[PDB]
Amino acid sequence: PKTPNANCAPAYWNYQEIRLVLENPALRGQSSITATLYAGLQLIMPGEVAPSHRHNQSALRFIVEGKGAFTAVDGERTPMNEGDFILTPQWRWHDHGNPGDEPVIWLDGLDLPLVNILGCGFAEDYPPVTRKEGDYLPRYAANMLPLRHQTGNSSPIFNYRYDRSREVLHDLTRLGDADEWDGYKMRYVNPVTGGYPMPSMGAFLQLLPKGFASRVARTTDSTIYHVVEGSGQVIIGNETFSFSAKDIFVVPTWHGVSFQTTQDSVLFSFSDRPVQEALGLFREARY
């Protein structure tokens, strides 16, 4: 088998859908956007709350629209705002609600199909705030850490705020030239290990300035992209798609990808890269 087999097709969804909702490709009725990962959208209507649970599946939430909701992790709440990269770690209590006036929508991504082929699905229901909102900020997210922290699997940061993260990308355009494949791209980091925010999924935020025509890249990580702002086209080895704000597309293994933008576009992505790099199977080609 020279070169990676498909396992997943290129795929586009224009954020004119419902408006929970699964997104799947060439894996019809497998509930999975990739062969490894799951993606879908989720709505919480005003007043709704959810009970708190825990499972081995890892999960990220990237907020699409709506303010006044919150997600809690292990007793701590964090406000969800547009573009926030919220995580709920793999064996930590989580729940949410909005006592607000706005429907709130987000992108969920979980490694359900991967945990399912590894055989490692466990889940339990809670039988308790105790944790001031905003705690994780100074405790883990200003380049310093408590003396006796101790964790294994982590990222005590469960909200990579957009206002922060977007700002990074913008400050970087004053400081150098864009990379010709990816624009101004950065990976979200676990400040305890320098590693991935979560063990199975890696996550990225990238800016592609107006008028950008990057080159062709391939990676082994089938990749779920999400347009947080901006617009233009993408080419996914051959197939082309037009994208506008809040669309979502998937780039399968070894499919060349390129971007041609007509606005300053900020793309969010995630994939099983960490699992690949852990085994020594990640591979990249810029051409």
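Numbers for residues come from their place in the sequence shown, where the first is 1.
As listed in the deposited structure, the average C-alpha B-factor of 260-268 and of 9-17 is greater for 9-17. According to the PDB record, 208-216 carries the higher mean C-alpha B-factor of the two stretches 181-189 and 208-216. Comparing the listed residues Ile63, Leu41, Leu37, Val49, the entry records the largest Cα B-factor for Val49. Of the candidates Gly119, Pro99, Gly195, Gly202, the PDB record gives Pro99 the highest C-alpha temperature factor. Residue-level temperature factors show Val168 in the lowest third of its chain, judged at the C-alpha atom.
Compared with the other modelled residues of the chain, the Cα B-factor recorded for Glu239 ranks in the highest third. In the deposited entry, the Cα temperature factor of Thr88 sits in the middle third of values across the chain's modelled residues. In the PDB entry, a CA B factor belonging to the middle third of its chain's modelled residues is recorded for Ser58. In the deposited entry, the Cα temperature factor of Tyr126 places it in the highest third of its chain's modelled residues.
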